[PDB]
Ligand code: HEM
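In the entry's author numbering, the protein residues as written are 4 to 393.
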């Protein structure tokens with residue numbers, strides 16, 4: 004066992020030295036995650052083995068095949084990240100068309116408009132927390148409107164969602180899930196009581212009524228859960244980590260400002276360097292198998308370090324150098340394989356628009372002190388707060 008809680012807050016703040024320590028000793032290792040989680044299992048820290056692990060049919064995401072149960076599954080229902088083919092294939096079909104880049108570009112003007120408004124409000128203040136004034140409100144606004152639930156309670160949803168994704172206590176975690184399941188049941192019933200609506204959630208409602216076996220009521224609830232929660236807690240961090248990383252590497256920021264053409268690739272290099280999802284979600288071995296010649300037992304949990312893979316020097320030369328010209332085409336920030344992030348085109352767009360607009364409208368943007376508290380859970384990378392001035 005390697006208890007990662009033993010490295011304390013240093014690891015929370017900067018995990019990469021430890022991932023490097025481990026990657027030198029091999030591609031995979033049995034570990035205990037830090038508190039409060041304290042989860043035991045195989046952690047994959049090399050790129051090639053991480054990548055292959057992400058595409059491996061021997062790793063199930065569905066704990067109920069082993070009689071195991073979790074709060075998400077029982078209270079929200081089955082959603083994409085906790086199902087294997089063929090069920091996965093069904094559910095993903097329902098939504099995949101909605102999230103291609105071509106389709107998602109239809110939202111650009113609204114995204115640009117939300118971005119302009121938030122900037123209009125923030126800029127006169129001369130300084131702000133980037134997170135509250137900008138990075139948080141943009142994603143949430145966009146995903147609610149695409150879902151067709153524009154009028155939701157942001158503040159409450161964010162608090163419920165905050166707990167769910169980075170939990171503090173086990174009772175507060177349970178509390179969050181019950182309340183969010185109830186809130187989502189209610190929002191689904193609201194949509195059912197209105198005239199038919201041309202948005203994603205409306206489309207899902209209709210699909211279930213046309214054929215119960217294509218989509219159960221449980222799965223309908225759980226889809227809305229995952230789209231809303233991924234839809235915000237995570238693009239927020241990409242934007243925030245983007246700004247933070249640019250403003251702490253002012254030569255890259257200068258190079259970008261000199262050629263704004265470099266933006267899309269800059270965003271990719273942030274995905275590599277400080278990817279918001281640090282470790283991938285739940286997998287276990289469906290059968291006995293091996294990762295780079297280490298024996299893994301049937302039922303063993305496998306955690307794939309996406310960000311550790313991003314800093315593997317075997318894949319990414321000078322891995323700790325943030326270089327916007329690298330424009331890395333092969334990072335695992337969005338996963339790999341059949342579960343490859345559904346939202347990747349949308350998240351890219353949002354961050355693209357946010358960063359360009361923020362940069363063009365704040366030419367002397369600068370960090371206004373150290374950033375706020377990092378969430379515990381080495382499942383997420385980001386900061387609760389980012390004070391900036393301009
Ligand atoms: C910077 C932003 C984001 C990052 C870094 C990210 C990352 C990921 C990763 C790594 C996975 C795969 C995890 C695994 O295999 O265990 C994934 C899956 C997914 N993401 Fe995202 N995500 C982002 C934004 C979004 C957004 C905006 C949505 C909005 C709809 C979304 C929806 C999903 C869904 C539905 C899946 C499940 C796909 C499947 O299971 O087939 N994500 N995401």
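All residues carry an ideal CB built from backbone N, CA and C; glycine is no exception.
Opening and closing residue of the beta strand (DSSP E) in which residue i lies
i	result
residue 21	Looking at the DSSP string, residue 21 is not in any beta strand (DSSP E); the run it does join, the alpha helix (DSSP H), is 19–27.
residue 416	Shown here, the chain extends from 4 to 393; a query on residue 416 therefore has no answer.
residue 390	390–392
residue 91	Premise fails: residue 91 lies in the alpha helix (DSSP H), 90–98, not in any beta strand (DSSP E).
residue 158	Segment 157–168 is the alpha helix (DSSP H) holding residue 158; no beta strand (DSSP E) there.
Which of helix, strand or coil DSSP assigns to residue i
i	result
residue 3	Because the chain in this structure spans residues 4 to 393, residue 3 falls outside the shown range and cannot be described.
residue 266	helix
residue 35	strand
residue 63	strand
residue 294	coil
residue 287	strand
residue 307	strand
residue 341	coil
residue 214	coil
residue 204	helix
residue 282	strand
residue 370	strand
residue 44	strand
Residue i to residue j span [Cα, whole Å]
i	j	result
residue 108	residue 115	11 Å
residue 42	residue 66	15 Å
residue 145	residue 186	19 Å
residue 209	residue 219	12 Å
residue 281	residue 196	40 Å
residue 121	residue 359	14 Å
residue 169	residue 215	33 Å
residue 293	residue 34	17 Å
residue 86	residue 64	6 Å
residue 136	residue 4	43 Å
residue 284	residue 112	33 Å
residue 325	residue 130	26 Å
residue 298	residue 198	56 Å
residue 364	residue 10	41 Å
residue 167	residue 385	16 Å
Start and end residues, alpha helix (DSSP H) containing residue i
i	result
residue 13	11–16
residue 378	Residue 378 -> no alpha helix (DSSP H), and no H or E assigned at all.
residue 104	104–107
residue 174	173–195
residue 347	347–364
residue 125	111–125
residue 235	220–236
residue 146	140–150
Contact belief for residue i with residue j at Cβ below 8 Å, rounded distance in angstroms
i	j	result
residue 258	residue 224	Rounded, the Cβ-Cβ distance is 46 Å, inconsistent with contact.
residue 179	residue 190	16 Å between Cβ atoms; not a contact.
residue 330	residue 277	Contact flag wrong, Cβ pair sits at about 16 Å.
residue 275	residue 362	The pair is not a contact, with the Cβ atoms about 20 Å apart (cut-off 8 Å).
Short Cβ contact (8 Å threshold) for residue i with residue j
i	j	result
residue 303	residue 44	yes
residue 2	residue 231	Because the chain spans 4 through 393 in this model, residue 2 falls outside it and cannot be assessed.
residue 307	residue 265	no
residue 37	residue 374	no
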